[PDB]
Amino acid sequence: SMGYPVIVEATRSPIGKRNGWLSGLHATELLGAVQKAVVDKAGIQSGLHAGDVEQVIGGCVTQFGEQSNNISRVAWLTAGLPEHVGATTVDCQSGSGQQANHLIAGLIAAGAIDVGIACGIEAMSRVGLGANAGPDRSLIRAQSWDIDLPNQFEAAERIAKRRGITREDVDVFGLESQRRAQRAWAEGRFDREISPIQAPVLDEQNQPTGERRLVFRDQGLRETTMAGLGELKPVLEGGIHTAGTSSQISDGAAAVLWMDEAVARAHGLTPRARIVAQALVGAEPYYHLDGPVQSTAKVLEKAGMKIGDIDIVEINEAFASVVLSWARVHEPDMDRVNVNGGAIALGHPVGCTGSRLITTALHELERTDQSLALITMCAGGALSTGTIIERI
């Protein structure tokens, strides 16, 4: 009546740019394709079928329109998967896709389910940030609200000033994210984790042409130089972050298949990883997005580990300053941080990214035959998710 949760499979779509390669897919189609993909992948060398999954939990931030009404469920049904499977959609802002994994692991630990999928979706081309708040944003908080909680761009600058991070510092970091992303793609590091996705071809306007083709690669990569980044214009007046040093607006989905260990064996699936420690903590509202400092501290503490014990770190590149702040505090070996690039180069479909990072981290641990990875993300509402996973 108690479970031992392990990851048995993980996959993700390539990540499309805004109005890009995946923008012709209904949000429910994009998530549905990735849910089905993780099941199909597990099915190749086992007898596992979609009907064996008991619950799906998916992260999604802007739960409006195509992404409202429990997209995790609507996606499952839209993809033609079995109706008896339960589904829930969760929102802790950009932490959502990561928390989705924590939550599935918990249901397995409790003996509630033996097989579950944790996933994440965001189709930002079709449902943009703030679509869920309505036209008068003043209305979404109570009159009494008196917390200095800045928007994401102001946050990035407040964090930069807090650490003495310059335009030079962030441009250097943004260059390196593009370089590592390109290296990963040139070497084929993402081949295992990606499920290529069929998508409608768009004419030069954004109407479908009738064409439907496979999309293989992350669209956000582009040739980048220090000089080129230096010409970029800051999002805010007096700011240091530009499009070249901020996460991209993107479309994508990711899914991770979890099982109780003994049940994995019965299905003939190999346990690949487990959670050593997990957390979702609150951060300092003034800075808003400096929470990775706290979530990292918390999982290290729970695991009885130090930053040096970790082989691979995935810290979401919401903005360059978020990562540089975390680094100044935790003093990691940066050769171990976002080794295949991050959201500055690869994109950040907000509700997807948490599951995407767990997927990317696991595959990098396997590629290099290493053991421990830390995943940490800043999140809206001054929150941060953290996970330490270990290979089995």
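Don't overthink the numbering: it's just position in the shown sequence, from 1.
Enquirer: Between 93-101 and 154-162, which has the larger average Cα B-factor in the PDB entry?
Expert: Mean B over CA atoms: larger for 154-162.
Enquirer: Mean Cα B factor from the PDB record: higher for 188-196, or higher for 127-135?
Expert: The stretch with the larger mean CA B-factor is 127-135.
Enquirer: Of 248, 219, 295, 224, which one's C-alpha B factor is largest in the deposited record?
Expert: Top of the list by C-alpha B-factor: 224.
Enquirer: Whose C-alpha has the highest temperature factor in the PDB entry: 122, 114, 171, 314?
Expert: The C-alpha B-factor peaks, among 122, 114, 171, 314, at 171.
Enquirer: Residue 239's Cα B-factor: lowest, middle or highest third of the chain?
Expert: Highest third - that is where residue 239 ends up once the chain's C-alpha B-factors are sorted.
Enquirer: So where's residue 76 on the chain's Cα temperature factor ranking, which third?
Expert: For residue 76, the deposited C-alpha B-factor lands in the lowest third.
Enquirer: Lowest, middle or highest third: where is residue 304 by Cα B-factor in its chain?
Expert: Highest third of the chain for residue 304's C-alpha B-factor.
Enquirer: How does the C-alpha B factor of residue 259 compare with the rest of the chain: lowest, middle or highest third?
Expert: Bottom third by C-alpha B-factor.
Enquirer: Residue 88: which third of its chain by C-alpha temperature factor?
Expert: Its C-alpha B-factor belongs to the lowest third of this chain's values.
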